[PDB]
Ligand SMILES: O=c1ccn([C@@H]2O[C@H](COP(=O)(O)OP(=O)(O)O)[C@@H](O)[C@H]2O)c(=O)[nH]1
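Heads up, the chain below is alone and in the form deposited without the ligand; it's given as structure tokens.
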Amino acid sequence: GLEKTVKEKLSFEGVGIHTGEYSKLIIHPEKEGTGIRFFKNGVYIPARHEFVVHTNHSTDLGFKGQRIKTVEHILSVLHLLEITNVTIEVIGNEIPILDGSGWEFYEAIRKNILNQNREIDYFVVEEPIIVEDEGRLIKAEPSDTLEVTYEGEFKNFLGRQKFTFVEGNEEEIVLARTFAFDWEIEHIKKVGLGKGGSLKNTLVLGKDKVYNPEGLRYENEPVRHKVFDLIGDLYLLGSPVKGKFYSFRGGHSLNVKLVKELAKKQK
């Protein structure tokens, strides 16, 4: 496939789920071979694993004293549409959460794709690999197409659920919203996070209840969102990824751990 950028500048704005502050994005077109990077207060922060500085409740990047929180969703949408060259200018300290999914980003960027004059240099998983952490596990193996399966084992009514994404089914995961369980809200607030969270941008679940009056968009919306997250974190490898992935209870921390190991193996 050929590298792609956006036809023109695209802007998005809104509160950040963690900072609770208003932030704005301006997605700028870039020439072939530029790659995906963020720009904040005069500093360019490449969308690569070397710049990850936090992964507990979001994937955050930083460089030279400048930090940007929650890049997982915008990066996942860019990965899914195979946008390879753009500069995401951020005026604020975090990417706007919007409705908690990648829908708005997806609809806008998809309508503004510009093919360029260079073959994409994909990151191709060359051999099987497995990373684990406290019962959580993620496996990656060779594949001509990006395939991602996420299996969750939740302590509430969700129980055991599984979802598989395959190329062409992008729309099945870009609408899945971020979620949190009521029993983890106290901790998130205590560590200085989740300041912008609300039922408008977060699916809040209880042991046996869904607080959002609109309910779930899909009975397995939570696992679809986790697949969406992994695809965003996988883009930290530096280019569109070709491989088959299986994540069991994975999260941003384990996702980045996998990315770093795959990168080391210069796979």
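All residue numbers refer to positions in the sequence shown, first residue = 1.
The same protein has a further form, the form solved in complex with the ligand, not shown here; the description that follows concerns it.
Superimposing the C-alphas around the site, does the ligand, as posed in the deposited bound form, end up open here or blocked, where blocked is 3 or more of its atoms within 2.4 Å of backbone or C-beta atoms?
If you fit the ligand onto this chain using the C-alphas around its site, the pocket comes out open.
Using the partner position in the deposited bound form, report whether residue 136 sits within 4.5 Å of the ligand, counting heavy atoms only.
Flag for residue 136 set to yes.
So in the deposited bound form, does any heavy atom of residue 105 sit within 4.5 Å of the ligand?
No, no contact at 4.5 Å.
Using a 4.5 Å heavy atom cut-off, state whether residue 152 contacts the ligand in the deposited bound form.
Yes, residue 152 sits close enough to the ligand in the deposited bound form that at least one of its heavy atoms falls within 4.5 Å.
Evaluate residue 249 for contact with the ligand in the deposited bound form, applying a 4.5 angstroms cut-off between non-hydrogen atoms, and reply yes or no.
Residue-level check for residue 249: yes, a contact with the ligand.
Selected contact from 184, 126, 171, 132, since only one has a non-hydrogen atom within 4.5 angstroms of the ligand in the deposited bound form:
Flagged contact: 184.
Please identify, from 162-170, 111-119, 144-152, 82-90, the stretch that has a heavy atom within 4.5 Å of the ligand in the deposited bound form.
The contacting stretch is 144-152.
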